[PDB]
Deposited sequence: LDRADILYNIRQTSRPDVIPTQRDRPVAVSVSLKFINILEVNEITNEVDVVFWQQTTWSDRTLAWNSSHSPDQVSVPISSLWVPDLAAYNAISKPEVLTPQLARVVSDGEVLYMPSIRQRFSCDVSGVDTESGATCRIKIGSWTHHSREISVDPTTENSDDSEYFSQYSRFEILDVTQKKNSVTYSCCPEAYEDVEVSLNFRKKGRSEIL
C-alpha cells in the first residue's frame, strides 16, 4: 500500500455519516483548546473574541490499514471522514476555521483534527482589567449524540499564546460535565474550559 491506495480506500469506504461506535460503547473524543489570541474583549456586553487550536482526537477503526511496508499516516479532508459534531454552547458566532480542513489518520485508526478557530463567546468578562483577571468559561460538547454514543474528555497554558496580544493568560483549567436537558431524556457530556486572563498592565 502507498498513500494513493490508502487515500483511495478511505474515500471509497469511510462512511462520514456513520459514528464509529464499537460494541455499543461510546466514541471517546478528547478535546483540548490551545489559546493563540484574545482579540476583542467587551466588558459591557460580556463578549469575547478568541483564537484557539482545537486539538481533537478519537478512534475510527473503519479507517485502519495494515501498515506493513506502508505509510503510517495520511492527511485526509474532513469531508471524507466522520467527525464528532462538537459545538460550543456559549458561542455567539459560527466558528471561523482559519486552517486547511484536514485531519491526520494513523494506520490503527486514530484521528487527529486540529483546526485553528476564531469564534466569539458570551462569558464573564468582569475583572479583565484587574490583577485577578477575568475567567471566561467555554463549554464544548456533542450537539446530537448522548453519553452512550459520544464521551468527551480533556486530554504550558500560554505556550502558543501570541506575545502581541493586549491580553495575557493567567491560567487555563478544564472540567468534564454530564448534563440532561429539558428537550431530551438522555445525558450529554461536555468539557468546560476556564480561561483566566487579563489586560497587560
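Absence of C-alpha coordinates is noted for several segments of the deposited sequence, namely 156 to 159, 206 to 210.
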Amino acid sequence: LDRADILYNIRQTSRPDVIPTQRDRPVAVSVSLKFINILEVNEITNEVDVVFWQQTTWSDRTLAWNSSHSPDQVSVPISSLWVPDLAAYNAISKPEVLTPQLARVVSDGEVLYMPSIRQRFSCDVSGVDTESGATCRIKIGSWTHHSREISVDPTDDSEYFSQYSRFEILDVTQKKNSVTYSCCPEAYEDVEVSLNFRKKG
From here on, numbers count along this sequence of modelled residues.
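The term rigid core refers to the most C-alpha atoms you can superpose between the two forms while keeping them within 1.5 Å.
The segment moving more, judged by mean Cα distance from this form in 7 other deposited structures of this protein after a core overlay, is 182 to 190 among 182 to 190 and 15 to 23.
Between 191 to 199 and 4 to 12, the larger root mean square Cα shift in 7 other deposited structures of this protein, once each structure is superposed on the rigid core, falls on 4 to 12.
Looking at 32 to 40 and 60 to 68 together, the entry lists the larger mean B-factor for 60 to 68, computed on C-alpha atoms.
Note on 185 to 193 vs 21 to 29: mean CA B-factor is higher in 21 to 29. Taking the deposited Cα B-factors for 149, 168, 47, 156, the highest one is held by 156. Per the deposited record, the Cα B-factor of residue 134 falls in the middle third when ranked against the other modelled residues of its chain. Ranked against the other modelled residues of its chain, the C-alpha B-factor of residue 180 as given in the entry falls in the highest third. Ranked against the other modelled residues of its chain, the C-alpha B-factor of residue 161 as given in the entry falls in the middle third. In this PDB entry, the Cα temperature factor of residue 126 sits in the top third of its chain's modelled residues, the highest group.
Among the modelled residues of the chain, residue 55 sits in the middle third by CA temperature factor in this PDB entry.
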